[PDB]
Number of protein chains: 2
Amino acid sequence: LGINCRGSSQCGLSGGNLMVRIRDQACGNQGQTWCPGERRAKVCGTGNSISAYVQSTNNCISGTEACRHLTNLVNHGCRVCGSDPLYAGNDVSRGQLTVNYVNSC
Amino acid sequence: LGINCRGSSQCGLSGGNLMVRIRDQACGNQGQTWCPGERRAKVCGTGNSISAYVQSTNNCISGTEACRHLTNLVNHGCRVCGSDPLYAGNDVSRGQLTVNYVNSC
C-alpha cells in the first residue's frame with residue numbers, strides 16, 4: 001500500500017480542497033522538522049481538524065520533504081485525507097506522512 | 001500512473017460516497033460487458049453525472065472485472081472520482097476504468 005486517500009469517514013466533505021490548504025502551510029514553512037506525531041499543518045473546524053503528521057516510524061523528515069509529500073497527495077487527487085509513504089517504493093507501514101481527521105484542533 | 005483519485009474539480013463538489021453507489025451498481029449487475037466509452041454505472045444530477053467507463057484501450061472487460069476495479073477505487077479512498085488500471089503492473093495509459101464527472105446524464 002503506497003500513496004492513497006484513505007482516512008476517516010469524517011474526511012467525507014464535498015467542496016473545499018483542504019489538502020491544498022494543508023500543503024500550502026507546509027510548503028510555506030519548509031524550515032521546520034517533522035517528527036512522529038507532530039501535527040505541524042492542519043485546518044480546524046469546531047473542536048476538530050484535518051491534520052498532517054508523520055507516523056509509522058521513529059524518524060523525522062525535513063520541512064522540504066513534508067512539502068513534497070503533501071504535493072504528492074494533492075497531485076494524486078486526495079482532496080481532504082490521505083497518506084504518502086516516506087520511503088520511495090515502500091509500503092506506508094514503514095513510515096508515512098498522513099493527513100486525517102483528529103478529534104481536536 | 002497507477003490507481004488514483006484524480007478527476008474534475010466538479011467531483012469534489014458532489015456530496016456523498018458516490019464511488020460506493022457506482023460500485024454497488026456494477027457489482028449488482030456483473031453480467032454486462034463494459035466496452036470503451038460505455039457509461040455503464042453512474043449517479044446523475046440535473047444535466048450531469050459522475051459516470052464510470054473504460055478508456056485508454058480497445059478492449060472490453062467483463063462486469064465481474066468492472067466490479068473488482070470499482071471496489072479497488074472504494075478501498076483506495078476515492079470518494080467520488082478516480083481511475084484504476086485494468087492490467088497488472090501497468091500504467092493507466094494501457095487501459096483504465098475511470099469514474100469522472102460528465103456534462104450529461
# chains A, B, ... in the order shown; residues from 1 in each chain; ligands from 1
>>> interface_residues(of="chain A", to="chain B", cutoff="7 Å", atoms="only C-alpha atoms", output="ChimeraX atom specification")
/A:4-6,14-15,76-78
>>> calpha_fit_and_write(fixed="chain A", moving="chain B", output="PDB file with N, CA and C atoms, in the first residue's frame")
ATOM      1  N   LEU B   1       0.929  -1.301   0.501  1.00  0.00           N
ATOM      2  CA  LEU B   1       0.050  -0.108   0.343  1.00  0.00           C
ATOM      3  C   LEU B   1       0.936   1.114   0.195  1.00  0.00           C
ATOM      4  N   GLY B   2       0.793   1.816  -0.920  1.00  0.00           N
ATOM      5  CA  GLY B   2       1.586   3.009  -1.162  1.00  0.00           C
ATOM      6  C   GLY B   2       0.680   4.212  -1.001  1.00  0.00           C
ATOM      7  N   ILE B   3       0.941   5.255  -1.787  1.00  0.00           N
ATOM      8  CA  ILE B   3       0.160   6.486  -1.737  1.00  0.00           C
ATOM      9  C   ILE B   3      -1.321   6.175  -1.898  1.00  0.00           C
ATOM     10  N   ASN B   4      -2.154   6.796  -1.077  1.00  0.00           N
ATOM     11  CA  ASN B   4      -3.590   6.522  -1.120  1.00  0.00           C
ATOM     12  C   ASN B   4      -4.394   7.661  -0.515  1.00  0.00           C
ATOM     13  N   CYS B   5      -5.704   7.673  -0.739  1.00  0.00           N
ATOM     14  CA  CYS B   5      -6.541   8.736  -0.193  1.00  0.00           C
ATOM     15  C   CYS B   5      -7.445   8.222   0.924  1.00  0.00           C
ATOM     16  N   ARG B   6      -7.041   7.147   1.581  1.00  0.00           N
ATOM     17  CA  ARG B   6      -7.843   6.580   2.660  1.00  0.00           C
ATOM     18  C   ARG B   6      -7.916   7.548   3.828  1.00  0.00           C
ATOM     19  N   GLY B   7      -9.037   7.538   4.529  1.00  0.00           N
ATOM     20  CA  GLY B   7      -9.190   8.398   5.680  1.00  0.00           C
ATOM     21  C   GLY B   7     -10.532   8.158   6.339  1.00  0.00           C
ATOM     22  N   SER B   8     -10.760   8.854   7.436  1.00  0.00           N
ATOM     23  CA  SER B   8     -12.015   8.746   8.149  1.00  0.00           C
ATOM     24  C   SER B   8     -13.175   9.238   7.268  1.00  0.00           C
ATOM     25  N   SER B   9     -14.358   8.670   7.463  1.00  0.00           N
ATOM     26  CA  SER B   9     -15.541   9.089   6.722  1.00  0.00           C
ATOM     27  C   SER B   9     -15.761  10.598   6.842  1.00  0.00           C
ATOM     28  N   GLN B  10     -15.274  11.211   7.920  1.00  0.00           N
ATOM     29  CA  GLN B  10     -15.440  12.635   8.214  1.00  0.00           C
ATOM     30  C   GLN B  10     -14.741  13.414   7.109  1.00  0.00           C
ATOM     31  N   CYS B  11     -13.673  12.896   6.537  1.00  0.00           N
ATOM     32  CA  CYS B  11     -12.917  13.559   5.481  1.00  0.00           C
ATOM     33  C   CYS B  11     -13.848  13.966   4.360  1.00  0.00           C
ATOM     34  N   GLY B  12     -14.721  13.036   3.972  1.00  0.00           N
ATOM     35  CA  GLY B  12     -15.657  13.283   2.889  1.00  0.00           C
ATOM     36  C   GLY B  12     -16.713  14.338   3.149  1.00  0.00           C
ATOM     37  N   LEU B  13     -16.970  14.620   4.415  1.00  0.00           N
ATOM     38  CA  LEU B  13     -17.973  15.608   4.778  1.00  0.00           C
ATOM     39  C   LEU B  13     -17.416  17.014   4.673  1.00  0.00           C
ATOM     40  N   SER B  14     -16.117  17.154   4.908  1.00  0.00           N
ATOM     41  CA  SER B  14     -15.456  18.451   4.871  1.00  0.00           C
ATOM     42  C   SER B  14     -15.515  19.045   3.470  1.00  0.00           C
ATOM     43  N   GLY B  15     -15.665  20.362   3.394  1.00  0.00           N
ATOM     44  CA  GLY B  15     -15.745  21.003   2.093  1.00  0.00           C
ATOM     45  C   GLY B  15     -14.447  21.667   1.706  1.00  0.00           C
ATOM     46  N   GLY B  16     -14.275  21.872   0.410  1.00  0.00           N
ATOM     47  CA  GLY B  16     -13.095  22.546  -0.090  1.00  0.00           C
ATOM     48  C   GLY B  16     -11.902  21.653  -0.339  1.00  0.00           C
ATOM     49  N   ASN B  17     -10.860  22.208  -0.952  1.00  0.00           N
ATOM     50  CA  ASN B  17      -9.692  21.395  -1.182  1.00  0.00           C
ATOM     51  C   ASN B  17      -8.773  21.667  -0.018  1.00  0.00           C
ATOM     52  N   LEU B  18      -9.055  20.953   1.059  1.00  0.00           N
ATOM     53  CA  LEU B  18      -8.284  21.088   2.261  1.00  0.00           C
ATOM     54  C   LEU B  18      -6.862  20.608   2.050  1.00  0.00           C
ATOM     55  N   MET B  19      -6.674  19.548   1.254  1.00  0.00           N
ATOM     56  CA  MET B  19      -5.330  19.018   0.995  1.00  0.00           C
ATOM     57  C   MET B  19      -4.404  20.111   0.434  1.00  0.00           C
ATOM     58  N   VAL B  20      -4.915  20.929  -0.483  1.00  0.00           N
ATOM     59  CA  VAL B  20      -4.137  22.040  -1.066  1.00  0.00           C
ATOM     60  C   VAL B  20      -3.757  23.073   0.010  1.00  0.00           C
ATOM     61  N   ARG B  21      -4.696  23.401   0.890  1.00  0.00           N
ATOM     62  CA  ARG B  21      -4.413  24.372   1.941  1.00  0.00           C
ATOM     63  C   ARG B  21      -3.343  23.855   2.898  1.00  0.00           C
ATOM     64  N   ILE B  22      -3.412  22.568   3.222  1.00  0.00           N
ATOM     65  CA  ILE B  22      -2.450  21.950   4.126  1.00  0.00           C
ATOM     66  C   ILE B  22      -1.083  21.911   3.433  1.00  0.00           C
ATOM     67  N   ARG B  23      -1.079  21.563   2.157  1.00  0.00           N
ATOM     68  CA  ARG B  23       0.165  21.543   1.402  1.00  0.00           C
ATOM     69  C   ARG B  23       0.779  22.958   1.435  1.00  0.00           C
ATOM     70  N   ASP B  24      -0.043  23.975   1.189  1.00  0.00           N
ATOM     71  CA  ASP B  24       0.411  25.368   1.176  1.00  0.00           C
ATOM     72  C   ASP B  24       1.069  25.755   2.485  1.00  0.00           C
ATOM     73  N   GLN B  25       0.491  25.327   3.599  1.00  0.00           N
ATOM     74  CA  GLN B  25       1.080  25.625   4.899  1.00  0.00           C
ATOM     75  C   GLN B  25       2.474  25.003   5.014  1.00  0.00           C
ATOM     76  N   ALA B  26       2.593  23.722   4.689  1.00  0.00           N
ATOM     77  CA  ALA B  26       3.865  23.022   4.795  1.00  0.00           C
ATOM     78  C   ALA B  26       4.943  23.592   3.875  1.00  0.00           C
ATOM     79  N   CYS B  27       4.552  23.902   2.645  1.00  0.00           N
ATOM     80  CA  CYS B  27       5.481  24.417   1.643  1.00  0.00           C
ATOM     81  C   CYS B  27       5.897  25.860   1.900  1.00  0.00           C
ATOM     82  N   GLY B  28       5.085  26.569   2.675  1.00  0.00           N
ATOM     83  CA  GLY B  28       5.393  27.947   3.012  1.00  0.00           C
ATOM     84  C   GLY B  28       6.299  28.045   4.231  1.00  0.00           C
ATOM     85  N   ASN B  29       6.542  26.925   4.906  1.00  0.00           N
ATOM     86  CA  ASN B  29       7.381  26.905   6.092  1.00  0.00           C
ATOM     87  C   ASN B  29       8.236  25.646   6.104  1.00  0.00           C
ATOM     88  N   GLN B  30       9.122  25.546   5.122  1.00  0.00           N
ATOM     89  CA  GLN B  30       9.956  24.367   4.982  1.00  0.00           C
ATOM     90  C   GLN B  30      11.070  24.240   5.994  1.00  0.00           C
ATOM     91  N   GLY B  31      11.235  25.252   6.821  1.00  0.00           N
ATOM     92  CA  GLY B  31      12.289  25.200   7.806  1.00  0.00           C
ATOM     93  C   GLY B  31      12.045  24.271   8.979  1.00  0.00           C
ATOM     94  N   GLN B  32      10.782  24.036   9.320  1.00  0.00           N
ATOM     95  CA  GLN B  32      10.450  23.175  10.460  1.00  0.00           C
ATOM     96  C   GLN B  32      10.647  21.677  10.211  1.00  0.00           C
ATOM     97  N   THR B  33      11.075  20.942  11.227  1.00  0.00           N
ATOM     98  CA  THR B  33      11.226  19.506  11.061  1.00  0.00           C
ATOM     99  C   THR B  33       9.935  18.852  11.580  1.00  0.00           C
ATOM    100  N   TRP B  34       9.546  17.751  10.945  1.00  0.00           N
ATOM    101  CA  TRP B  34       8.334  17.037  11.316  1.00  0.00           C
ATOM    102  C   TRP B  34       8.679  15.722  12.020  1.00  0.00           C
ATOM    103  N   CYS B  35       8.371  15.625  13.304  1.00  0.00           N
ATOM    104  CA  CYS B  35       8.637  14.391  14.022  1.00  0.00           C
ATOM    105  C   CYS B  35       7.311  13.626  14.169  1.00  0.00           C
ATOM    106  N   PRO B  36       7.369  12.302  14.429  1.00  0.00           N
ATOM    107  CA  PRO B  36       6.156  11.490  14.568  1.00  0.00           C
ATOM    108  C   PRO B  36       5.101  12.081  15.493  1.00  0.00           C
ATOM    109  N   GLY B  37       3.875  12.155  14.989  1.00  0.00           N
ATOM    110  CA  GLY B  37       2.779  12.666  15.792  1.00  0.00           C
ATOM    111  C   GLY B  37       2.548  14.166  15.828  1.00  0.00           C
ATOM    112  N   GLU B  38       3.522  14.953  15.379  1.00  0.00           N
ATOM    113  CA  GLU B  38       3.352  16.397  15.383  1.00  0.00           C
ATOM    114  C   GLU B  38       2.462  16.858  14.226  1.00  0.00           C
ATOM    115  N   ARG B  39       1.347  17.501  14.560  1.00  0.00           N
ATOM    116  CA  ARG B  39       0.400  17.991  13.571  1.00  0.00           C
ATOM    117  C   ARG B  39       0.819  19.402  13.187  1.00  0.00           C
ATOM    118  N   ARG B  40       1.820  19.442  12.313  1.00  0.00           N
ATOM    119  CA  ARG B  40       2.448  20.657  11.820  1.00  0.00           C
ATOM    120  C   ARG B  40       1.663  21.494  10.824  1.00  0.00           C
ATOM    121  N   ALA B  41       0.694  20.900  10.130  1.00  0.00           N
ATOM    122  CA  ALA B  41      -0.155  21.651   9.197  1.00  0.00           C
ATOM    123  C   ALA B  41      -1.568  21.128   9.435  1.00  0.00           C
ATOM    124  N   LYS B  42      -2.556  22.016   9.439  1.00  0.00           N
ATOM    125  CA  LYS B  42      -3.932  21.603   9.699  1.00  0.00           C
ATOM    126  C   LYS B  42      -4.931  22.712   9.422  1.00  0.00           C
ATOM    127  N   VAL B  43      -6.171  22.321   9.161  1.00  0.00           N
ATOM    128  CA  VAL B  43      -7.273  23.259   8.949  1.00  0.00           C
ATOM    129  C   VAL B  43      -8.332  22.806   9.969  1.00  0.00           C
ATOM    130  N   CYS B  44      -8.572  23.656  10.957  1.00  0.00           N
ATOM    131  CA  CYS B  44      -9.540  23.380  12.011  1.00  0.00           C
ATOM    132  C   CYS B  44     -10.972  23.799  11.743  1.00  0.00           C
ATOM    133  N   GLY B  45     -11.882  23.045  12.341  1.00  0.00           N
ATOM    134  CA  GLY B  45     -13.296  23.346  12.286  1.00  0.00           C
ATOM    135  C   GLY B  45     -13.588  23.666  13.752  1.00  0.00           C
ATOM    136  N   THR B  46     -14.820  23.445  14.196  1.00  0.00           N
ATOM    137  CA  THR B  46     -15.141  23.705  15.590  1.00  0.00           C
ATOM    138  C   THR B  46     -14.978  22.418  16.386  1.00  0.00           C
ATOM    139  N   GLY B  47     -13.895  22.347  17.152  1.00  0.00           N
ATOM    140  CA  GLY B  47     -13.628  21.190  17.974  1.00  0.00           C
ATOM    141  C   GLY B  47     -12.966  20.030  17.279  1.00  0.00           C
ATOM    142  N   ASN B  48     -12.517  20.239  16.040  1.00  0.00           N
ATOM    143  CA  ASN B  48     -11.867  19.181  15.267  1.00  0.00           C
ATOM    144  C   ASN B  48     -11.007  19.766  14.154  1.00  0.00           C
ATOM    145  N   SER B  49     -10.320  18.900  13.413  1.00  0.00           N
ATOM    146  CA  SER B  49      -9.472  19.349  12.318  1.00  0.00           C
ATOM    147  C   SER B  49      -9.082  18.232  11.355  1.00  0.00           C
ATOM    148  N   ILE B  50      -8.533  18.662  10.217  1.00  0.00           N
ATOM    149  CA  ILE B  50      -7.951  17.777   9.213  1.00  0.00           C
ATOM    150  C   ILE B  50      -6.473  18.160   9.442  1.00  0.00           C
ATOM    151  N   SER B  51      -5.683  17.226   9.955  1.00  0.00           N
ATOM    152  CA  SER B  51      -4.287  17.472  10.280  1.00  0.00           C
ATOM    153  C   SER B  51      -3.331  16.540   9.544  1.00  0.00           C
ATOM    154  N   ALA B  52      -2.106  17.018   9.342  1.00  0.00           N
ATOM    155  CA  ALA B  52      -1.053  16.244   8.686  1.00  0.00           C
ATOM    156  C   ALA B  52      -0.025  15.906   9.769  1.00  0.00           C
ATOM    157  N   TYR B  53       0.496  14.689   9.739  1.00  0.00           N
ATOM    158  CA  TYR B  53       1.469  14.243  10.721  1.00  0.00           C
ATOM    159  C   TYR B  53       2.164  12.987  10.258  1.00  0.00           C
ATOM    160  N   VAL B  54       3.416  12.845  10.671  1.00  0.00           N
ATOM    161  CA  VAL B  54       4.219  11.685  10.342  1.00  0.00           C
ATOM    162  C   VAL B  54       3.807  10.578  11.307  1.00  0.00           C
ATOM    163  N   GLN B  55       3.753   9.350  10.793  1.00  0.00           N
ATOM    164  CA  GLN B  55       3.436   8.172  11.601  1.00  0.00           C
ATOM    165  C   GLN B  55       4.048   6.922  10.971  1.00  0.00           C
ATOM    166  N   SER B  56       4.094   5.845  11.756  1.00  0.00           N
ATOM    167  CA  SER B  56       4.640   4.546  11.335  1.00  0.00           C
ATOM    168  C   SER B  56       6.152   4.483  11.232  1.00  0.00           C
ATOM    169  N   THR B  57       6.831   5.389  11.921  1.00  0.00           N
ATOM    170  CA  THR B  57       8.287   5.391  11.925  1.00  0.00           C
ATOM    171  C   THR B  57       8.740   6.208  13.124  1.00  0.00           C
ATOM    172  N   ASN B  58      10.011   6.043  13.481  1.00  0.00           N
ATOM    173  CA  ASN B  58      10.661   6.748  14.584  1.00  0.00           C
ATOM    174  C   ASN B  58      11.346   7.999  14.052  1.00  0.00           C
ATOM    175  N   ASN B  59      11.603   8.038  12.758  1.00  0.00           N
ATOM    176  CA  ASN B  59      12.287   9.187  12.181  1.00  0.00           C
ATOM    177  C   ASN B  59      11.470  10.442  12.054  1.00  0.00           C
ATOM    178  N   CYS B  60      12.189  11.543  11.896  1.00  0.00           N
ATOM    179  CA  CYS B  60      11.596  12.855  11.699  1.00  0.00           C
ATOM    180  C   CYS B  60      12.009  13.202  10.277  1.00  0.00           C
ATOM    181  N   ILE B  61      11.250  14.061   9.612  1.00  0.00           N
ATOM    182  CA  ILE B  61      11.617  14.484   8.259  1.00  0.00           C
ATOM    183  C   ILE B  61      11.710  16.019   8.205  1.00  0.00           C
ATOM    184  N   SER B  62      12.400  16.530   7.190  1.00  0.00           N
ATOM    185  CA  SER B  62      12.565  17.969   7.013  1.00  0.00           C
ATOM    186  C   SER B  62      11.281  18.557   6.463  1.00  0.00           C
ATOM    187  N   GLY B  63      11.108  19.864   6.630  1.00  0.00           N
ATOM    188  CA  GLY B  63       9.919  20.532   6.133  1.00  0.00           C
ATOM    189  C   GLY B  63       9.857  20.478   4.623  1.00  0.00           C
ATOM    190  N   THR B  64      11.022  20.435   3.990  1.00  0.00           N
ATOM    191  CA  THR B  64      11.087  20.341   2.537  1.00  0.00           C
ATOM    192  C   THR B  64      10.468  19.004   2.116  1.00  0.00           C
ATOM    193  N   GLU B  65      10.777  17.938   2.852  1.00  0.00           N
ATOM    194  CA  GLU B  65      10.235  16.630   2.519  1.00  0.00           C
ATOM    195  C   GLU B  65       8.731  16.564   2.772  1.00  0.00           C
ATOM    196  N   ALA B  66       8.267  17.191   3.854  1.00  0.00           N
ATOM    197  CA  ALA B  66       6.839  17.204   4.159  1.00  0.00           C
ATOM    198  C   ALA B  66       6.097  17.901   3.010  1.00  0.00           C
ATOM    199  N   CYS B  67       6.687  18.973   2.478  1.00  0.00           N
ATOM    200  CA  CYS B  67       6.113  19.735   1.368  1.00  0.00           C
ATOM    201  C   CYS B  67       5.976  18.840   0.135  1.00  0.00           C
ATOM    202  N   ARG B  68       7.024  18.061  -0.125  1.00  0.00           N
ATOM    203  CA  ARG B  68       7.049  17.155  -1.264  1.00  0.00           C
ATOM    204  C   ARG B  68       5.946  16.105  -1.147  1.00  0.00           C
ATOM    205  N   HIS B  69       5.857  15.458   0.013  1.00  0.00           N
ATOM    206  CA  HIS B  69       4.825  14.435   0.220  1.00  0.00           C
ATOM    207  C   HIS B  69       3.420  15.005   0.105  1.00  0.00           C
ATOM    208  N   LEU B  70       3.179  16.188   0.674  1.00  0.00           N
ATOM    209  CA  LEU B  70       1.847  16.783   0.570  1.00  0.00           C
ATOM    210  C   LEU B  70       1.510  17.157  -0.880  1.00  0.00           C
ATOM    211  N   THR B  71       2.530  17.532  -1.649  1.00  0.00           N
ATOM    212  CA  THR B  71       2.313  17.844  -3.063  1.00  0.00           C
ATOM    213  C   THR B  71       1.936  16.540  -3.791  1.00  0.00           C
ATOM    214  N   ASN B  72       2.590  15.443  -3.412  1.00  0.00           N
ATOM    215  CA  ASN B  72       2.299  14.143  -4.010  1.00  0.00           C
ATOM    216  C   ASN B  72       0.831  13.807  -3.793  1.00  0.00           C
ATOM    217  N   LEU B  73       0.326  14.061  -2.588  1.00  0.00           N
ATOM    218  CA  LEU B  73      -1.074  13.798  -2.279  1.00  0.00           C
ATOM    219  C   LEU B  73      -2.014  14.663  -3.104  1.00  0.00           C
ATOM    220  N   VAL B  74      -1.678  15.940  -3.270  1.00  0.00           N
ATOM    221  CA  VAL B  74      -2.497  16.835  -4.089  1.00  0.00           C
ATOM    222  C   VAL B  74      -2.532  16.314  -5.534  1.00  0.00           C
ATOM    223  N   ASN B  75      -1.369  15.948  -6.060  1.00  0.00           N
ATOM    224  CA  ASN B  75      -1.277  15.457  -7.434  1.00  0.00           C
ATOM    225  C   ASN B  75      -1.949  14.099  -7.651  1.00  0.00           C
ATOM    226  N   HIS B  76      -2.111  13.347  -6.571  1.00  0.00           N
ATOM    227  CA  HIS B  76      -2.746  12.036  -6.627  1.00  0.00           C
ATOM    228  C   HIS B  76      -4.253  12.157  -6.718  1.00  0.00           C
ATOM    229  N   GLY B  77      -4.774  13.330  -6.385  1.00  0.00           N
ATOM    230  CA  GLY B  77      -6.209  13.527  -6.450  1.00  0.00           C
ATOM    231  C   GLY B  77      -6.906  13.486  -5.102  1.00  0.00           C
ATOM    232  N   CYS B  78      -6.142  13.386  -4.012  1.00  0.00           N
ATOM    233  CA  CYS B  78      -6.747  13.359  -2.669  1.00  0.00           C
ATOM    234  C   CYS B  78      -7.194  14.763  -2.269  1.00  0.00           C
ATOM    235  N   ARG B  79      -8.499  14.988  -2.211  1.00  0.00           N
ATOM    236  CA  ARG B  79      -9.022  16.299  -1.862  1.00  0.00           C
ATOM    237  C   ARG B  79      -8.904  16.715  -0.404  1.00  0.00           C
ATOM    238  N   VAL B  80      -9.064  15.770   0.530  1.00  0.00           N
ATOM    239  CA  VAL B  80      -9.027  16.089   1.959  1.00  0.00           C
ATOM    240  C   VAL B  80      -8.082  15.239   2.816  1.00  0.00           C
ATOM    241  N   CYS B  81      -8.077  13.922   2.608  1.00  0.00           N
ATOM    242  CA  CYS B  81      -7.232  13.040   3.409  1.00  0.00           C
ATOM    243  C   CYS B  81      -6.520  12.051   2.526  1.00  0.00           C
ATOM    244  N   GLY B  82      -5.476  11.433   3.067  1.00  0.00           N
ATOM    245  CA  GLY B  82      -4.691  10.455   2.331  1.00  0.00           C
ATOM    246  C   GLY B  82      -3.319  10.334   2.962  1.00  0.00           C
ATOM    247  N   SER B  83      -2.511   9.395   2.500  1.00  0.00           N
ATOM    248  CA  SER B  83      -1.189   9.209   3.066  1.00  0.00           C
ATOM    249  C   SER B  83      -0.194   8.898   1.968  1.00  0.00           C
ATOM    250  N   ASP B  84       1.049   9.318   2.180  1.00  0.00           N
ATOM    251  CA  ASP B  84       2.129   9.080   1.240  1.00  0.00           C
ATOM    252  C   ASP B  84       3.289   8.412   1.964  1.00  0.00           C
ATOM    253  N   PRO B  85       3.778   7.276   1.446  1.00  0.00           N
ATOM    254  CA  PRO B  85       4.904   6.633   2.133  1.00  0.00           C
ATOM    255  C   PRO B  85       6.118   7.567   2.096  1.00  0.00           C
ATOM    256  N   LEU B  86       6.918   7.565   3.152  1.00  0.00           N
ATOM    257  CA  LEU B  86       8.087   8.440   3.219  1.00  0.00           C
ATOM    258  C   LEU B  86       9.289   7.922   2.430  1.00  0.00           C
ATOM    259  N   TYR B  87       9.436   6.610   2.414  1.00  0.00           N
ATOM    260  CA  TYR B  87      10.577   6.000   1.786  1.00  0.00           C
ATOM    261  C   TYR B  87      10.284   5.341   0.460  1.00  0.00           C
ATOM    262  N   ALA B  88      11.274   5.437  -0.424  1.00  0.00           N
ATOM    263  CA  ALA B  88      11.199   4.919  -1.780  1.00  0.00           C
ATOM    264  C   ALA B  88      10.757   3.466  -1.868  1.00  0.00           C
ATOM    265  N   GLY B  89       9.896   3.197  -2.845  1.00  0.00           N
ATOM    266  CA  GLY B  89       9.384   1.863  -3.085  1.00  0.00           C
ATOM    267  C   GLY B  89       8.962   1.121  -1.838  1.00  0.00           C
ATOM    268  N   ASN B  90       8.446   1.861  -0.863  1.00  0.00           N
ATOM    269  CA  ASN B  90       8.010   1.258   0.382  1.00  0.00           C
ATOM    270  C   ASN B  90       6.504   1.307   0.653  1.00  0.00           C
ATOM    271  N   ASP B  91       6.116   0.481   1.613  1.00  0.00           N
ATOM    272  CA  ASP B  91       4.751   0.383   2.055  1.00  0.00           C
ATOM    273  C   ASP B  91       4.641   1.507   3.091  1.00  0.00           C
ATOM    274  N   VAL B  92       3.464   2.116   3.191  1.00  0.00           N
ATOM    275  CA  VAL B  92       3.247   3.153   4.179  1.00  0.00           C
ATOM    276  C   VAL B  92       3.591   2.587   5.555  1.00  0.00           C
ATOM    277  N   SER B  93       3.649   1.259   5.655  1.00  0.00           N
ATOM    278  CA  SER B  93       3.969   0.556   6.905  1.00  0.00           C
ATOM    279  C   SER B  93       5.335   0.928   7.471  1.00  0.00           C
ATOM    280  N   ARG B  94       6.236   1.372   6.597  1.00  0.00           N
ATOM    281  CA  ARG B  94       7.571   1.768   7.030  1.00  0.00           C
ATOM    282  C   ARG B  94       7.743   3.271   7.238  1.00  0.00           C
ATOM    283  N   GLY B  95       6.626   3.984   7.311  1.00  0.00           N
ATOM    284  CA  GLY B  95       6.679   5.415   7.529  1.00  0.00           C
ATOM    285  C   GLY B  95       5.827   6.109   6.498  1.00  0.00           C
ATOM    286  N   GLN B  96       4.975   7.021   6.942  1.00  0.00           N
ATOM    287  CA  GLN B  96       4.095   7.731   6.025  1.00  0.00           C
ATOM    288  C   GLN B  96       3.733   9.106   6.557  1.00  0.00           C
ATOM    289  N   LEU B  97       3.370  10.014   5.655  1.00  0.00           N
ATOM    290  CA  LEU B  97       2.913  11.317   6.097  1.00  0.00           C
ATOM    291  C   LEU B  97       1.422  11.157   5.848  1.00  0.00           C
ATOM    292  N   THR B  98       0.638  11.284   6.912  1.00  0.00           N
ATOM    293  CA  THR B  98      -0.795  11.103   6.846  1.00  0.00           C
ATOM    294  C   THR B  98      -1.537  12.386   7.113  1.00  0.00           C
ATOM    295  N   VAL B  99      -2.622  12.570   6.380  1.00  0.00           N
ATOM    296  CA  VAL B  99      -3.508  13.697   6.559  1.00  0.00           C
ATOM    297  C   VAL B  99      -4.848  13.025   6.858  1.00  0.00           C
ATOM    298  N   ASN B 100      -5.374  13.257   8.050  1.00  0.00           N
ATOM    299  CA  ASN B 100      -6.634  12.625   8.433  1.00  0.00           C
ATOM    300  C   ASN B 100      -7.372  13.489   9.437  1.00  0.00           C
ATOM    301  N   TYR B 101      -8.650  13.186   9.597  1.00  0.00           N
ATOM    302  CA  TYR B 101      -9.505  13.864  10.554  1.00  0.00           C
ATOM    303  C   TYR B 101      -8.983  13.564  11.977  1.00  0.00           C
ATOM    304  N   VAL B 102      -9.060  14.560  12.860  1.00  0.00           N
ATOM    305  CA  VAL B 102      -8.631  14.432  14.253  1.00  0.00           C
ATOM    306  C   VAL B 102      -9.721  15.141  15.065  1.00  0.00           C
ATOM    307  N   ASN B 103     -10.076  14.583  16.212  1.00  0.00           N
ATOM    308  CA  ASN B 103     -11.142  15.154  17.040  1.00  0.00           C
ATOM    309  C   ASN B 103     -10.705  16.304  17.924  1.00  0.00           C
ATOM    310  N   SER B 104      -9.765  17.112  17.448  1.00  0.00           N
ATOM    311  CA  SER B 104      -9.297  18.239  18.220  1.00  0.00           C
ATOM    312  C   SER B 104      -8.582  19.153  17.252  1.00  0.00           C
ATOM    313  N   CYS B 105      -8.491  20.428  17.604  1.00  0.00           N
ATOM    314  CA  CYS B 105      -7.749  21.409  16.833  1.00  0.00           C
ATOM    315  C   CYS B 105      -6.437  21.665  17.594  1.00  0.00           C
TER     316      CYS B 105
END
>>> select_by_dssp(residues="chain A", states="strand (DSSP E)", output="VMD selection string")
chain A and resid 33 to 34 41 to 44 49 to 55 61 to 62 82 to 85 96 to 102
>>> select_by_dssp(residues="chain A", states="alpha helix (DSSP H)", output="VMD selection string")
chain A and resid 18 to 28 63 to 76
>>> decode(residues="stretch 92-98 of chain B", atoms="N, CA, C and O atoms", output="mmCIF file, in the first residue's frame")
data_model
loop_
_atom_site.group_PDB
_atom_site.id
_atom_site.type_symbol
_atom_site.label_atom_id
_atom_site.label_comp_id
_atom_site.auth_asym_id
_atom_site.auth_seq_id
_atom_site.Cartn_x
_atom_site.Cartn_y
_atom_site.Cartn_z
ATOM 1 N N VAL B 92 -2.107 3.435 -16.160
ATOM 2 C CA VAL B 92 -3.470 3.622 -16.613
ATOM 3 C C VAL B 92 -3.446 3.881 -18.117
ATOM 4 O O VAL B 92 -4.447 3.712 -18.789
ATOM 5 N N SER B 93 -2.274 4.245 -18.640
ATOM 6 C CA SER B 93 -2.081 4.527 -20.069
ATOM 7 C C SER B 93 -2.420 3.344 -20.968
ATOM 8 O O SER B 93 -2.716 3.525 -22.156
ATOM 9 N N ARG B 94 -2.332 2.136 -20.414
ATOM 10 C CA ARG B 94 -2.645 0.935 -21.178
ATOM 11 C C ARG B 94 -4.059 0.402 -20.957
ATOM 12 O O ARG B 94 -4.369 -0.730 -21.339
ATOM 13 N N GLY B 95 -4.913 1.232 -20.371
ATOM 14 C CA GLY B 95 -6.285 0.831 -20.135
ATOM 15 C C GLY B 95 -6.642 1.099 -18.696
ATOM 16 O O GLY B 95 -5.918 0.692 -17.796
ATOM 17 N N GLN B 96 -7.781 1.739 -18.472
ATOM 18 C CA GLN B 96 -8.202 2.062 -17.117
ATOM 19 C C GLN B 96 -9.715 2.147 -17.012
ATOM 20 O O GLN B 96 -10.409 2.351 -18.019
ATOM 21 N N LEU B 97 -10.238 1.947 -15.806
ATOM 22 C CA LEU B 97 -11.666 2.114 -15.610
ATOM 23 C C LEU B 97 -11.662 3.443 -14.873
ATOM 24 O O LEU B 97 -11.052 3.567 -13.812
ATOM 25 N N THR B 98 -12.324 4.434 -15.459
ATOM 26 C CA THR B 98 -12.365 5.771 -14.909
ATOM 27 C C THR B 98 -13.751 6.151 -14.458
ATOM 28 O O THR B 98 -14.737 5.767 -15.062
#
